[PDB]
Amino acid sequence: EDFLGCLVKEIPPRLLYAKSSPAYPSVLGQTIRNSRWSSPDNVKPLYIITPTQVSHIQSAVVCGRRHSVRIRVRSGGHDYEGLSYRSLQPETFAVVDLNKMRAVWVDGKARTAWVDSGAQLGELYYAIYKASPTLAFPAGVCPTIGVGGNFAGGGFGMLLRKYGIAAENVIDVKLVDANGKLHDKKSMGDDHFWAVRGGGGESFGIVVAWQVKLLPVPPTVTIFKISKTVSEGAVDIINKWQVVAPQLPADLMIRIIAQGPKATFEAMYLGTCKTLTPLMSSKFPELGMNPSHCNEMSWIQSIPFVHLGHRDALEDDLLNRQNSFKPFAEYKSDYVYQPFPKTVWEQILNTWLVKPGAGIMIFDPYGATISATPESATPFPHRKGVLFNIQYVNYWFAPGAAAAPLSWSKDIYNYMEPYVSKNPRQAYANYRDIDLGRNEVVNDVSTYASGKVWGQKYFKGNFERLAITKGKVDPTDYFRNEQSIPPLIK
């Protein structure tokens, strides 16, 4: 009551929703992307605020401090555990939902842009396209991902070998801190500005907007998608890929999707069929690539083409907010520094991918620019020596069908333990996986020791600096969730 009273005083009432508001269920559900987290057994926010101005965010945070009510911020709602809009255990929180703050302003000539956190990647990419056919930004593959969470947790996609992660291409921010204060890079200082760009969402304050540098791409890029079944030699070919792909020139990224005894090699090349053909013949002849495989197109066209296989529907694929794809979903991730033995690839393709509840495995090769950044230069530590990342994705479509995929996800992660990174076993912060560990709260503050268990997996040697920065900007642990950076204070 106290908290709501404060909000009503400062923010338009049409932007405030209580559980009893008729529109609350659809406001809550509008960017939930995982059917596991939409059902009524999930813990719901007491209130939802949908700011349209930065002053509304500040008022909301000031109210939350005064009345001791915590806020989970949501931009695109893609959090794998839904931590932008649900808690694991009953507790009081409000959601500050940024979907209405979605402006993107591109300065083509300066090659910079200001992008609101509530914009989806598709909208950012489209706006860049309206400004220039030869500029791009290196962020996620899926068009509906929110800018806010994608950037805060790092953010990578088919330009990662060329330009690294989204967070290392951010040149300023506009942020509201745990005391409701408005900050930019200059006011927040090196530590806070280092942490917010890749140190995970929520922990370091609400980013309202990000200023990004825009990067050159040729007017024509080339995509191929070449599949090999095991009888076509997928095992030998992927065994070679793991050594070659991380060593390829930075203009060529070849990722793999596998969902049975068959691997599809999806490439984005910053250039033409005419130069890709000889490069492949020279560096990776085992794949058997020829000019018939080439799909030449602009960078903007490559986004729906890579993610959805569509060539013909630019605006609908990039500017969509209908939220129609809502699988029940589980996800895990690993990083690989040493080549798998051929026998492991044999097991993966022939055995693991043919079990009840078996999911899809995606393999993104590193090296080049992403690996050239030192491990501590940003909070994202998965850099020098990384051959590839693995994402293990399970989708299902009926609420009664969870047992087999959940069980497969657990089993394959156990199987893979000897072959992937260890001490710690690294994982990508934006592929959030609560089973890596969760925080313990003592005297209303997340403990450092509990945070460290999962924190070293996402952030490796960067965890302690993240926590010291957290202690400086938010010593009372106001902006938190079950897996956010704990404050390390003296």
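Counting begins at 1, following the sequence as shown.
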Got a sec? Mean C-alpha B-factor, which is higher, 83 to 91 or 369 to 377?
83 to 91
Determine, for stretches 5 to 13 and 470 to 478, which one has the higher mean CA B-factor as deposited.
5 to 13
The largest CA temperature factor among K100, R74, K342, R197 is found at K342
Which has the highest CA B-factor per the PDB entry: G140, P291, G148, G164?
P291
Test of reading the entry: by CA B factor among the chain's modelled residues, which third contains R70?
middle
Entry-reported C-alpha B-factor of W210 relative to its chain, by third, is lowest
Quick one: classify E417 as lowest, middle or highest third of the chain based on its Cα B-factor.
middle
Temperature factor at the Cα of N350, chain-ranked in thirds, falls in the middle
Please rank the C-alpha B-factors of the chain's modelled residues and tell me whether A449 sits in the lowest, middle or highest third.
middle
